[PDB]
Structures are given as C-alpha cells and as structure tokens.
There are 2 protein chains.
Amino acid sequence: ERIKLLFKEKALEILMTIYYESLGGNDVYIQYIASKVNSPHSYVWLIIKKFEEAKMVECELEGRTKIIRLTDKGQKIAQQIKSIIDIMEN
Amino acid sequence: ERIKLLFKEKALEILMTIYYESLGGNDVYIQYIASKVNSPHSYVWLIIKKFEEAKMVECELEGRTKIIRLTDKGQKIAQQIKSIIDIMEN
C-alpha cells in the first residue's frame, strides 16, 4: 500500500519475483512467476515482454517452457528497489 | 516512458522535484512544485499529503505559503530512485 504510492505494484511484483527466484538458484520459468503474482498469464507475459525490450530481462525457450533471466541492468535495478522497499516498510 | 514501467510518473515527478529543489538550497514551496510538474495544484497537494502520512515529508505553513521538507526517510528514497533513473536512462 505504501509501495503503491511510488511504484506500479504489478510490474514490481514480477521483477522482484524473478529476482528472488533467480538468486535462489532456480531457472525462472514464466509459469512459476504467474503462480506467484496476482496477475493472469497474459499480463505477466505483457510485462515480461516490456522488461526484455527495456533490456532488463532476456528470454529463451527450452522446449515449450519460457525461461527468463535478468540482464546485469535488470539485476541492478531489482537490488536498489529492494533497499527502497526495506526503507519503506520500516 | 521507460520509467513509467515501474514507477508512478506523477508521484515520482513530485518527489524528485522536491529532492533536487532542496539540495539546491531553496526552501521547497508547494507552489513551485506544481509549477514544475504536469499536475494541477489539487493533485500535487493530494500526493504531498500522502508523502507526509508516509513520513517522507514534513510540512509547515509560513504565513500563507506551504513549505515542504524531506525527512531523512524521504531523502534516502529519493537518492536511490535517482540511481535507478540513471541506470534506466542508460
């Protein structure tokens, strides 16, 4: 609620989901993402495409499953948003 | 445009306006803000009230002019959003 003041909650949910998921060791599949956020498959996809065009993520198809990886740029942004969320919820 | 993906452009415009204005030496008057952003006086006011309730800004009336000052919390957030904008537009 306090984060929605400055951020687009849904696009943020996606980014941070990708971020925490990747630093966990997992390959980030788009299906897992949609299952973690409050957005339908179509929306997560639209946002993911937007991230990729902004060079924050890079995508790849492995068989029929779409894998999403953060570029260094996407990584730096997620890390700084994390400290802002910390500062926010505190 | 690339910033609107993750951020609420209008609330962001206000915060960064306050931030740059204050580090410039100026007292931040709400009138100057509305004159720098693409938001009507009513909106800048609504957003300012929201910042204050979130303890990012503190307000004060000097005569009939409203002065806005960033709390340490508001300051840290603005500084980190700045590096994200740098990273973004680059």
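FYI, side chains are in, hydrogens and waters are out, and symmetry mates aren't considered; it's all heavy atoms of this structure. Order of the sequence lines fixes the chain letters, A, B, ..., with proteins taken first and strands second; residue numbering starts at 1 for each chain.
Within the model, atoms CD of A/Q79 and CD1 of B/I87 stand 9.0 Å from one another, a figure rounded to the nearest 0.5 Å. For the atom pair NZ of B/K10 and CG of A/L6, the computed distance is 14.0 Å after rounding to the nearest 0.5 Å.
Few gaps surround NZ on A/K66; more than 12 heavy atoms of other groups in view lie less than 6.0 Å from it. Counting non-hydrogen atoms of neighbouring residues, nucleotides and ligands closer than 6.0 angstrom, the CZ atom of B/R69 reaches no more than 12 such neighbours.
B/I67 and B/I33 end up in different hydrophobic clusters when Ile, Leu, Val, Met, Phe, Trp and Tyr side chains are linked at under 4.5 Å. No continuous path of hydrophobic side-chain contacts links B/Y29 to B/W45 [ILVMFWY only; heavy atoms under 4.5 Å]. If you chain together hydrophobic residues whose side chains sit under 4.5 Å apart, B/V44 and B/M16 fall into the same group.
Looking only at heavy-atom pairs under 4.5 Å with chain B, the residue among A/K73, A/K8, A/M88 that has the most is A/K8. Contact count against chain A (heavy-atom pairs under 4.5 Å) is highest for B/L5 among B/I47, B/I77, B/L5, B/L12. Taking B/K4, B/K76, B/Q80, B/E9 one by one and counting their heavy-atom pairs under 4.5 Å with chain A, the maximum is reached by B/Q80.
Scanning residues 50-65 of chain B against chain A with a 4.5 Å non-hydrogen threshold yields B/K50, B/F51, B/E53, B/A54, B/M56, sorted by number.
For B/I81, the parts lying near chain A are the backbone and the side chain together; criterion is any non-hydrogen pair under 4.5 Å.
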